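Notes to accompany the following structure.
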Amino acid sequence: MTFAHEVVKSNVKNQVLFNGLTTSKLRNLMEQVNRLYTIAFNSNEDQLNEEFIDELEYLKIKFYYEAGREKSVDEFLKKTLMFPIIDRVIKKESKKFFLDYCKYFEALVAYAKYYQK
Amino acid sequence: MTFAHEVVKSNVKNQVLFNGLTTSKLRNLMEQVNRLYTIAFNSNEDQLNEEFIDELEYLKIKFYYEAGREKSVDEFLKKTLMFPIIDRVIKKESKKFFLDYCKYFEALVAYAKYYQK
Amino acid sequence: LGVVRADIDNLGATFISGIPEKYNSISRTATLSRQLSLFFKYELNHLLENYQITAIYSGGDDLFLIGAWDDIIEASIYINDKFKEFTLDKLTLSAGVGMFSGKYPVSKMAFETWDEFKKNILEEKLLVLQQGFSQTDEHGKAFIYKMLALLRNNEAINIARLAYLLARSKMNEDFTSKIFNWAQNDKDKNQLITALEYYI
Amino acid sequence: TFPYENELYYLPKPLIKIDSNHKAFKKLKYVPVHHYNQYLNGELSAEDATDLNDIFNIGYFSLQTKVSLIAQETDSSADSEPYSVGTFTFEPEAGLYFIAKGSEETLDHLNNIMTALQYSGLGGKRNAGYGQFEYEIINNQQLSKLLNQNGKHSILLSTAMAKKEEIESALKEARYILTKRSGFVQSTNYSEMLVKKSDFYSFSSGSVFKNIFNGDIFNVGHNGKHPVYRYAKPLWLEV
Amino acid sequence: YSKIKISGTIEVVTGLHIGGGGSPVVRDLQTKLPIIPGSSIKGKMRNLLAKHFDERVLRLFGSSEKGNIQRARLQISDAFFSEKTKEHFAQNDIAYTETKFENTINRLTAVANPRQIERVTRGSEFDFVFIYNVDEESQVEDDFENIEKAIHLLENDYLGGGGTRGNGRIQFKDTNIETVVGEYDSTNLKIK
Amino acid sequence: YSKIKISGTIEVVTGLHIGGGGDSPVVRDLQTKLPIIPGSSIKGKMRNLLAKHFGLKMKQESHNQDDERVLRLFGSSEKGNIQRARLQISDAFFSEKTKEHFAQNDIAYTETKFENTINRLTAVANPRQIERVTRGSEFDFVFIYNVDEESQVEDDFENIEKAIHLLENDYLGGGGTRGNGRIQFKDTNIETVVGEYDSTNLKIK
Amino acid sequence: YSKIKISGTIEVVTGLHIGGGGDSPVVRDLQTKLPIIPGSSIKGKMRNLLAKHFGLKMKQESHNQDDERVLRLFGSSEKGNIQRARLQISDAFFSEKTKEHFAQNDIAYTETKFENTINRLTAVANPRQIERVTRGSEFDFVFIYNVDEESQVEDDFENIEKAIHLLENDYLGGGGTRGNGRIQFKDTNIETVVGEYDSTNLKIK
RNA sequence: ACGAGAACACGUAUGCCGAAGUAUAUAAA
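Chains as they are written, first to last, in the deposited numbering: chain I, 14 to 27, 37 to 139; chain K, 14 to 27, 37 to 139; chain F, 526 to 638, 664 to 750; chain H, 62 to 81, 86 to 304; chain B, 2 to 23, 33 to 63, 76 to 214; chain A, 2 to 23, 32 to 214; chain C, 2 to 23, 32 to 214.
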């Protein structure tokens, strides 16, 4: 897939990144995603427990909070389809798709970090 | 592309190597490469798994991240044509070419390890 | 065990053709014959003293000596040089030495069986190699045999692998550098193979 | 038997009296079919002898080690008894070849027996894993020409011994080597070690003769339950 | 009078060590590929089939050293790497021999003296040929029962040295039995 | 003459380092590139610990002499009275169940734990790195036992029971005292593969 | 030789930071991706303390040649002496009770702790991020004792209980000085897993 | 009716032993 790859090169303008996105501005999101990663990894079955569903709900709430806090994060989340992807992940309730999302978002962050001021 | 394997001797300047590259800074890359070398080697057919394609995507992700963390690794990766060959190996999806890349990369690593401070 | 066989290369002509057109009497060929005979029937006895070798069948132009591996090589070199002295570098010797295990039927080992070897192989490469292993311990037959494993397969990827191995060793930079430079060259690498095989 | 390489066939050196080194020819054993008439007529030079010898790599020799643990190593502390065997291995395009002649019926029978034999061995330790073969019958024009000449001398290509009543006139003018041929026998009496053929001498496979002799299948038999045969009949090459 | 041919291939399940050189392994002095001698097969098979119990041992392999003479009725030949194993190892770039480092522990001292023993690679395949000279019609069933039991034993045993230490386990696959001389039927005889 | 096959799996509790290659890598098959446990390791550790169980005096230690029945089980055939070995220990190979497991859950087959050394009077550290086989790995083993003497089967299997039980409370490989290489045996099996001997009364825990 | 087992639990009092794998990560397994305390760490720490309790001259320190009785307890086999270790330490593994407890109270396993340095006559900060194992977690351990001789077992376990006390009032891990690494010991259990020795009078605090 | 015919390069022992991923590094504004 790696739409992250060509998207990150689509967002290099004149230089600002996503209108000035920086790696310090995604720390909380990275932490939350990492904790959900380790918790889901600890899980055995593929069916997502209702508690992990509530974790996903709070994760969605946190994306929305951060996107309301800053404009560049809002543009990043909007164009990278984070919100639609999270909605679909919540709909599917499958662990493997959540791990695939984790890998995608990690790739996004890695590209954003490799292209910086 | 073997000139890309013996560029390592052309890059002994004055004395630091690759502007201060150490194999110690290549450890995560070496670990991942060994992992998927074993996994591919056990595989029967030439056609790679689609999950293995996603694995190769994860390789490019990690390569970019390491190039972001350290500048010497960045020079090593950029000038030796690592990124294009990774993309090309992802493009053909054949086992033998993946092993060919593995032998090239291992030769790089060992020969670089020959010279270190 | 070691076994050595040697034949004078220019002996049929020397007996027969001899010195042309002016010294070809009975007397002068007779004295030449006596000289070769006395050489192979006294000088061997004296030359072999410092060597752990027993003399089996020697005379005419046949040299058949058997003993310890290392000793046979050293004595063969000594005898070749001492012969070139006595023949004033006019007559040459061809010789073969092989390694034969103990308790083989000697009837079978017999049917199996210079400046280059002395100066280039024994004197330079062997000496630097022996010093290198003497200075740095832990280089047992395992390390040497991995060196062989890389060398005998003449491939460039093996050259990179050998570079890695020498890098992981703890020899002095001079020793490793010399070994690697020799390894890059066909003649030198064959000679290096022979020398390190002799080390073992 | 006479060896071959990829496309070259070989016959033994005639012990003929060549008048010139006397060194380069001595180290030579076999002369291929191409240059054989050249050898018989002096058209072979010393450098050519060196070259032919140089090309003669048609197999290599070896000793394989083995041990025998049927002894008291079965029973109690007792040393093993290593023994050695001698072997020869041919490169992927070498082998040996025959020349046979007789009636057509005899050759048909020989074909049947050879088919039987290809899965048995033709050597020593057959039962221990040495010496099976596959055979092919090919008609080589040049060897046929060499075999079907007409001359005054004769080159003995096999091992023969004239009968009692022809040897005196057989040995008039000849150059030859005799070989003590010995060996044991298979299923004659109780003890193999106590049965051993009487030694037999026969001319070698390169001797040269003036007067032809026919041979005979000579018994080397005594103290046995059946006759044991040795072969002495020449195959002559007439030039 | 017919000659039965027993052909097949054997896999090296765990590393193999015949080691006539020692500690090298037996090879061919030009091809530099390892072989497994017929003497090894025959010796181990004879020891097993005899220890299982004699006259049958004399019948299959032949002794002819005890005041009576019996001719060998089973001929065993060497084995060699198949084309398949060679091509597979070449493509996947696998060397033909592995070298295991070993070690020994002294008591009251606990100093270790190391060893170096060479071993044939796992998965290698050897192609073999046996021959059965049927000199008696009325005994082929019995003799292939015996050779069956022998091969069954060898399946569960080792070839070469150090088998108690964990090497030499082999397997037998793809055995076919054909009659190559004479007019004896062999479509009922069976070997795993 | 019968032969009894013993089968099961070895489950790695804590990381294992056989590592005969010497950085500091583990032994690996050259056809699968996966770690193996050489059978010499099993035989030697069973030898040593079950020897140290019974009498083992300083004279016995110096001349490598051992107990008569451990010698019977493992064979000596050096001097005095030759006893041919009786238990054949094979190697152990990385199982396909755990291969599917770790492939599916994307877990490395080897970890490289980094270790340190604090020397005294200097307190200067010098690092090292060691490869170790990941826990939860499962290796498949086979033993073969030969019945050279019928009446001795019970005692021999009793002693090999001792061996298994004692090994479960010890280590394989190196760094045993440093945490490494504790194993357990699980899903054992006994079956008569050749012969006319019953193997129902047999057990190995 | 009989083997006496020691089992128990490490309670994490304040943070614990091994970090052999390294922003600056800690050592973690790969089958569960949950942290561990390597056995080498425990063994080295106890050896250092128990050596320091006995005599220690600059010469003992010069070449890691230590007092004879600690040497006996932990093995040297270097100075021409026959000494294999008598006490085996394994690794410690994130326990099940901890996992369940943190799951049903919704608390993470690792704290990410930010640290700074204030430069002298500069008053400028350079930040650091250090990741440590969360408090109150428990890891379980198992030790193995070998009885090479009968008449040093009581004395050796006296030494071990002294060492455990010293650890209970020391730090294990990185930078206890800067704050993290105090531990405690609970639920000591003593069994003789293989052998015929009694484990009733023997105790460790 | 082949210088043959009997004949396991076998048996004993492992990668061991001591090593802490440590030392500083006001969570300033």
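Backbone N, C-alpha and C fix where the C-beta goes; we use that ideal spot for every residue, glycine too.
- Beyond the five residues adjoining it in sequence on each side, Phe564 of chain F comes within less than 7 Å, by CB distance, of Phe611 in the same chain, given in chain order.
- Distances from the CA of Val142 of chain C to each of C:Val202, C:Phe102, C:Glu205, C:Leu58 were compared; the closest alpha carbon is that of C:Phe102.
- Against chain I, a Cβ distance below 9 Å from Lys108 of chain C picks out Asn64.
- With respect to chain A, the C-beta atom of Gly22 of chain C has a partner C-beta closer than 8 Å.
- Between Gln193 of chain A and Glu12 of chain A, the C-beta spacing is below 8 Å.
- Contact check for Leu130 of chain B and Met67 of chain A: beta-carbon distance about 6 Å, within the 8 Å limit, so the pair qualifies.
- Residue-level contact by beta carbon fails for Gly151 of chain H and chain B, as no gap is shorter than 8 Å.
- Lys728 of chain F sits in a helix when the DSSP states are folded into three classes.
- Counting only runs of at least 4 residues, the segment 687 to 724 of chain F fully encloses the following alpha helix (DSSP H) elements, listed from N- to C-terminal order: 691 to 702, 706 to 718.
- Looking at B:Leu82, B:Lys106, B:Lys52, the one whose alpha-carbon comes closest to that of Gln161 of chain B is B:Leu82.
- Separation of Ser65 of chain I and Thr60 of chain K (C-alpha to C-alpha, rounded to the nearest whole angstrom) is 27 Å.
- What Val202 of chain A touches in chain B, judged by beta-carbon distance under 9 Å, is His174, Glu177, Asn178, going in chain order.
- Nearest to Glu67 of chain K by alpha-carbon distance, out of K:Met104, K:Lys139, K:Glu115, is K:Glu115.
- By DSSP's assignment, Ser142 of chain H forms no beta bridge with any residue.
- In the three-state reduction of the DSSP assignment, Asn605 of chain F falls in the helix class, which pools H, G and I.
- Residue state for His287 of chain H is assigned as coil, using DSSP reduced to three classes.
- For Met67 of chain A, the enclosing alpha helix (DSSP H) stretches over residues 67 to 71.
- Annotation: the continuous beta strand (DSSP E) that includes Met624 of chain F extends over 618 to 624.
- Residues of the same chain with a CB within less than 7 Å of the CB of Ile671 of chain F, apart from the 5 flanking positions on each side, are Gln741, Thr744, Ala745 in chain order.
- Within chain A, the C-beta atoms nearer than 7 Å to that of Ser142 of chain H come from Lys88, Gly89, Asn90, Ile91, in chain order.
- The contact set of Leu43 of chain B on chain A, defined by CB atoms closer than 8 Å, is empty, because the minimum CB distance reaches about 15 Å.
- Residue contact with chain F for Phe103 of chain B: absent (no Cβ-Cβ distance below 8 Å to any residue of chain F).
- Interface with chain I (8 Å Cβ-Cβ cutoff): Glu92 of chain K is excluded.
- By the criterion of a C-beta distance shorter than 8 Å, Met179 of chain H is surrounded in its chain by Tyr200, once the five residues flanking it on both sides are discounted.
- With contacts defined by Cβ atoms closer than 8 Å, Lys122 of chain A and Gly53 of chain C do not form a contacting pair.
- Judged by their CB atoms, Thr244 of chain H and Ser223 of chain H are not nearer to each other than the 8 Å cut-off.
- Within chain I, the C-beta atoms nearer than 7 Å to that of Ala117 of chain C come from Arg57, in chain order.
- Around the beta carbon of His87 of chain H, fewer than 16 other beta carbons lie within 10 angstroms, which makes this residue exposed.
- With a beta-carbon spacing of about 6 Å, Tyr101 of chain H and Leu72 of chain H fall inside the 8 Å limit used to define contacts.
- What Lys135 of chain K touches in chain F, judged by beta-carbon distance under 7 Å, is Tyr714, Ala717, going in chain order.
- About 36 Å separates the CB atoms of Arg37 of chain B and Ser252 of chain H; that is not less than 8 Å, and the two are not in contact.
- Rounded to whole angstroms, the gap between the alpha carbons of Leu96 of chain B and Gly145 of chain B is 27 Å.
- Between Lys4 of chain A and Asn210 of chain A, the C-beta spacing is not below 8 Å.
- Counting only runs of 3+ residues, the beta strand (DSSP E) found wholly inside the segment 150 to 228 of chain H occupies 160 to 162, 219 to 221, in chain order.
- The three-state reading of DSSP puts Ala134 of chain I in helix, counting H, G and I together.
- Distance from the CA of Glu205 of chain B to the CA of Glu159 of chain B, rounded to the nearest whole angstrom, comes to 11 Å.
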